[PDB]
């Protein structure tokens, strides 16, 4: 398929899809001549690291004698540029051999892909899944978390090492329940993410008897006026706990304004989409957004990866086409055409110093020089300058899923096969649909000792890492301290586990905040219903003359003995002086 790729031979081929670029250029095709392939514009260092996580896991699988012995895992990895078009150009190459000809007569004419890792965006994954589904080629996504992809009617071969965004709303309710709060506020992104998330939360909240004071919608494109309203809505409210179902871009305008007005009290309940978002996790914002409790993807650990990442070289990395471009973008240089060794960067450019130079002639020619001798462990790029592996880990975990599903094919005995009936699959003549069947019944142990099995819908039955926003003493930046986990496999109530001692409320407090509508009614008063306000909002109605309320949180005052009467402050009855 596409010219630029990361390809290596093997007995079984694995397809990769990664956003090495954030998008494609806005070229208006003249159509005056045969249109040429659009060019990808913003370099993604993180995306290239995700691509390396696939290669590394394959190389680790091939080195390990235990896993897939007498087999070589081969790969064909392309750049999606976060666009459906580029991602489909790649998918067509994966799909090409498999059944395209099987449907058509072209078989009379003339490298089968059995599984595909990817993609990042839920939009891109949907487009890829529509094509891979026709031939039942399994697709294991590392970052697409939209609830729409769970539909096994539409997506026949879709799987993901990332959990569905639905469970997050039920999880939020479980935390409100745990810290015994009944007065909350909701903020949502005015999109297919925030809206159903807050709606699902609203359903779960009313079930656990949690009342919502306010429900507001936000966007990245909201007016100064639209933001001013929500800010007032939060300020006017007595609820400290706010549940936010937004992304970093959509929530950023509102947060900027709350940081502008220095509104400290609020204790944030972060949605996965912004819980680890560095757009919000900014040190200038800690006054407001400090001590935020959120959901993250488990920060996995891949040993020897940092070393393998450092091993990249444009000449030495023969199976990585993107290695030259990476080198070129990480140093901002037009790499030397021919040979080593070290030479200054100016080399060509110093030609501009000449008094016989250009008038827009050599400016388009003379570019910074790369020898290939530069050290990458030096430069500050998201490639090596990273704190946690979450997506890189899901790319890792994605490859292993396919390897273990293939190992299950290799392992089964002729009477214990899944296929009709007891029939095992030939690993030499292995088909994509067979790997899909094995991936559905897959149960394997992670390289971190965690059980990795898939749901009916193809989602990873996995944990959400409960993280807390602390400020580093040494560093001076926001730190995501893991204070718990959310197991979606466990039964209702047994799904959540948090270590309160590890939490720092608002970023400094060590005592769990109060976020109930009305403070508990004392002795001398009873609970009174407030008209208009919800069930959890009560009035502390003083006991009538001749009645007393013994304990706190009393529904009604008790009448006193015929001979006795209420004391002055209605705590208990006293004897009538006769």
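Residue numbers count along the first chain shown, from 1.
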Deposited-sequence gap flanked by residue 110 and residue 111 = 4 to 9
remark   = Per the PDB entry, mean CA B-factor is higher for 258-266 or 486-494, namely for 486-494
inquiry  = Mean CA temperature factor from the deposited coordinates, higher in 288-296 or in 206-214?
reply    = 206-214
task = Name the residue from 353, 337, 328, 272 with the greatest C-alpha temperature factor listed in the entry.
result = 337
task = Kindly indicate the residue among 252, 346, 426, 79 with the greatest C-alpha B-factor in the PDB record.
result = 426
request  = Check where residue 169 lands among this chain's C-alpha B-factors and tell me if it's the lowest, middle or highest third.
outcome  = middle
ask   = In terms of the CA temperature factor given in the entry, to which third of its chain does residue 9 belong: lowest, middle or highest?
value = middle
key: Entry-reported Cα temperature factor of residue 513, expressed as the chain third it lands in   = middle
key: Chain third (lowest, middle, highest) by recorded CA B-factor, residue given as residue 410   = highest
query = If you rank every modelled residue in this chain by C-alpha B factor, which third holds residue 154: lowest, middle or highest?
reply = middle
